[PDB]
Structures are given as C-alpha cells and as structure tokens.
Amino acid sequence: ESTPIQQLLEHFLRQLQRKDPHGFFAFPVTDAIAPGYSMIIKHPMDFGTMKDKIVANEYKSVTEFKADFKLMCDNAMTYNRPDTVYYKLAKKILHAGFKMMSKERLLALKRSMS
Ligand SMILES: CC(=O)c1cc(-c2ccccn2)c2ncccn12
C-alpha cells in the first residue's frame, strides 16, 4: 500500500518515537490528564495523529511533517513548567528532529536520488 515519501516519513517518525520509550507523546493529551489543556493549547498534536496522517498520505513534503513535529514539542514546552519531565523530553525530541531533518541532511538524500 505505500509510496516513497510515506516510507521516508515513517523512518523519521520511528526515530523520533525511540526517544519516548514510555509513550508520553504517543496519544492525545486530554483535559482529564492535563487540567485546562484545551484552554491553553489551540492546536493539539501527538505521534499517533502524525502516524495516521502519514498512512492517509496527508503530508506533501518533509516541511509539512516537520511542522507537526515542532507543533507537538512547542505545545509541551508552553503548557508544562521547565522543571517537568514533559518539558525536558520535548526539548530532547525537538533537538533530535532538527538534526535529523536539517537542510544539509535533506540535500545529501536528494543527491542520492540520482
Ligand atoms: C505531552 C504532555 O504534555 C503530557 C503527557 C502526559 C501524560 C500522558 C499519559 C500518562 C502520563 N502523562 C501529561 N500529563 C500531564 C501534563 C502533560 N502531559
């Protein structure tokens, strides 16, 4: 059922998820687990939602995928205090993805597609 872009995005998503072994970013954050969340965070995102979007072929480019990844991390760093596991893990994931999906890495990949 898959396409080349879907396989590349599944690769990036798997590598990001390895950083979150307990699955704190695996499913949506609800108001039950996080008080007032829907008041503070306008556009929720999580790794499960991203996987579903890849499978449905909703992402046209690495840029569109990268935007959801950063949104997920940015929501966590805005809602949670800096002394929490959620804030610190989000900062770790953000750094990982910026390295993995840099313009330099994407250029090397594009050169290998010749
Ligand atoms: C990602 C996130 O911000 C998050 C995940 C969780 C979470 C999700 C499931 C089980 C345990 N923790 C959470 N709890 C309180 C405040 C914030 N969070």
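1. Some details on the overall build of the protein chain
A tally of regular secondary structure across the protein chain gives 6 helices and 0 strands. Along the three orthogonal principal directions, the C-alpha set of the protein chain runs to about 50 × 30 × 25 Å. For the protein chain, restricting intrachain contacts to residue pairs at least 6 apart in sequence, the fraction spanning at least 24 positions comes to 66%.

2. Details of the site of the ligand
Every residue close to the ligand is listed here: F24, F25, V29, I33, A34, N80 and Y86. Between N80 and the ligand, the recorded distance is 3.1 Å, taken from a side-chain N or O atom to an oxygen atom. Between the ligand and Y86 there is a distance of 2.8 Å, counted from a nitrogen atom to a side-chain nitrogen or oxygen. With the chains in place, 72% of the 410 Å² that the ligand exposes on its own is no longer accessible. Of the residues contributing to the shell around the ligand, the split by class is 6 nonpolar, 1 polar and no charged.

3. Observations concerning the pattern of salt bridges
The full count for this structure, using the stated rule, is 4 salt bridges. Of the charged contacts, one joins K70 and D74 as a salt bridge, the two residues approaching to 2.9 Å between their closest N and O atoms. On the criterion of helical spacing, the pair formed by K70 and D74 is a turn pair, its members being 4 residues apart in helix 4 (residues 62-79). For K70, a relative accessible area of 36% puts it in the partly exposed group. In this structure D74 comes out as partly exposed when scored by relative accessible area, which is 28%. Among the salt bridges present, the one from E104 reaches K103, with a minimum N-O distance of 2.9 Å.

Rules used throughout
Residues numbered from 1 in each chain as written, not as in the entry; some residues may be left out. Heavy atoms only, no water. Residues with missing side-chain atoms left out of burial classes, pairs and counts. Helix = DSSP H or I, 4+ residues; strand = E, 2+ residues; numbered from the N terminus. Contact = heavy atoms within 4.5 Å. Near = heavy atom within 4 Å. Polar contact = N/O pair within 3.5 Å; in protein donor to acceptor, adjacent residues only side chain to side chain. Areas by Shrake-Rupley, 256 points an atom, 1.4 Å probe, with all protein chains shown as cover. Nonpolar A, V, L, I, M, F, W, Y, C, P; charged D, E, K, R; others polar. Salt bridge = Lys/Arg side-chain N within 4 Å of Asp/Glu carboxyl O. Buried < 20%, exposed > 50% of the residue type's maximum accessible area, 1.4 Å probe, protein only.

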